[PDB]
Amino acid sequence: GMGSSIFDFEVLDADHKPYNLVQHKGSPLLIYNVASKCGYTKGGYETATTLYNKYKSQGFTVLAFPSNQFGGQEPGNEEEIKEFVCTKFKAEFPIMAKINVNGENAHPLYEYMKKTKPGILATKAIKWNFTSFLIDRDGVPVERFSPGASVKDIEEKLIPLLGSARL
């Protein structure tokens, strides 16, 4: 069990100050590998913000980890954030340290997330916008919703977990 849950890894806050991710444990949460305000999101900001506020009643958090254009292979946004600069887009929900969500340069936590749950597409690589991972009350990725999933697309997988993912 080298990394049982997401919290086996440590997180950097928007300014790379130690983000206490594991205080979100006991509650289900989403985590977006997102282009931090560069070009466009396929409804990521809205969905993320909405989900946080709406499901915070059942104990839900949305963490958006920006994408570091300096990683080399940042999803499909590597061609985008060349004329833009991605840096914590900020919201009503916690936005994190931009990491290279892809490749070899990925944050070890995303190396965990990515390897754990391919999601709904081919393989388990990060090649697009915000793409949230459905993280349960324990910190296990149950799903990976790319920028193609809307609010309710996530809800169908989230609602049961918000209630109870394990116990």
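Since every read-out is calculated from the coordinates, none of them should be taken as a lab result. Because the Cβ atoms are built from the backbone with ideal geometry, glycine has one as well, and the counts that use them run over all protein chains shown.
Against the compact-protein benchmark of 2.2 N^0.38 Å, the Cα-based radius of gyration of the range 33-131 scales to 1.03. Take the Cα of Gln23, step 7 Å toward its Cβ, do the same at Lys115, and the gap between the two points is 2.9 nm.
Near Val34, the amide H atoms lying under 5 Å from its own belong to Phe65, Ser67; only residues 5 or more places off or on other chains count, and H is placed 1.01 Å from N.
Along each principal axis, taking the top coordinate minus the bottom one, the Cα set of the chain gives 45, 34, 33 Å in descending order. Each of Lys152 and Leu167 was given a label point 7 Å from its Cα along the Cα-to-Cβ line. The distance between the two points is 3.5 nm. Amide hydrogen proximity for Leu12: with H placed 1.01 Å from N in the peptide plane, the residues at 5 or more positions away or on another chain lying under 5 Å are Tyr19, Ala97. Of the trypsin sites (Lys or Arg not before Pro) in the range 86-167, the ones in a loop by DSSP (not H, G, I, E or B) with at most 14 other beta carbons within 10 Å are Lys90, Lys124, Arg166.
Residues whose amide H falls under 5 Å from that of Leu29, counting only those 5 or more places apart or on a different chain, are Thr61, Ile135, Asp136, with hydrogens built in the peptide plane. In order along the range 155-167, the phi-based Karplus estimate (6.51 cos²θ - 1.76 cosθ + 1.60, θ = phi - 60°) of 3J(HN,Hα) comes to 4, 4, 9, 8, 3, x, 6, 4, x, 7, 8, 10, 7 Hz; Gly and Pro are listed as x.
Loop-located chymotrypsin sites (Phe, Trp or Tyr not before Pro) across the range 31-121 with a Cβ neighbour count of 13 or fewer within 10 Å are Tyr40, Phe70, with loop assigned by DSSP. Sequence-ordered 3J(HN,Hα) estimates for the range 84-101 from the Karplus curve with 6.51, -1.76 and 1.60 and θ = phi - 60° stand at 9, 10, 8, 8, 3, 5, 6, 5, 7, 10, x, 9, 9, 6, 5, 10, 7, 6 Hz, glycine and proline given as x.
When the Gaussian network model of the chain links Cα atoms closer than 10 Å, the mean-square fluctuations of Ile120, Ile81, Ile99 top out at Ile120. Of the GluC sites (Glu not before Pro) found in the range 66-167, the ones in coil according to DSSP and having at most 10 other Cβ atoms within 10 Å of their Cβ are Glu83, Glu104. With the simple model of a label 7 Å out from the Cα in the direction of the Cβ, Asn105 to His16 spans 1.3 nm.
Computed from the C-beta positions of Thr123 and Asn53 and an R0 of 41 Å, the FRET efficiency is 0.80 to the nearest 0.05. Considering all C-alpha pairs of the range 94-167, those separated by over 14 Å amount to 61%. Listed by chain and number, the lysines whose alpha-carbon sits under 27 Å from that of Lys56, ignoring those within fewer than 8 places in the same chain, are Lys17, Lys25, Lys37, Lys42, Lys88, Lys90, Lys98, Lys114, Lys117, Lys152, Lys157.
Bridges between two residues of the chain, per DSSP, are antiparallel at a rate of about 60%. 3J(HN,Hα) couplings calculated from phi for the range 103-117 with the Karplus curve 6.51 cos²θ - 1.76 cosθ + 1.60 (θ = phi - 60°) are, in sequence order, x, 9, 8, 4, 3, x, 4, 6, 4, 6, 4, 4, 5, 6, 10 Hz; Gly and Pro show x.
Here the gap between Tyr40 and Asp8, fully extended at 0.36 nm per residue and compared with their Cα-Cα distance, gives a gain of 8.4 nm.
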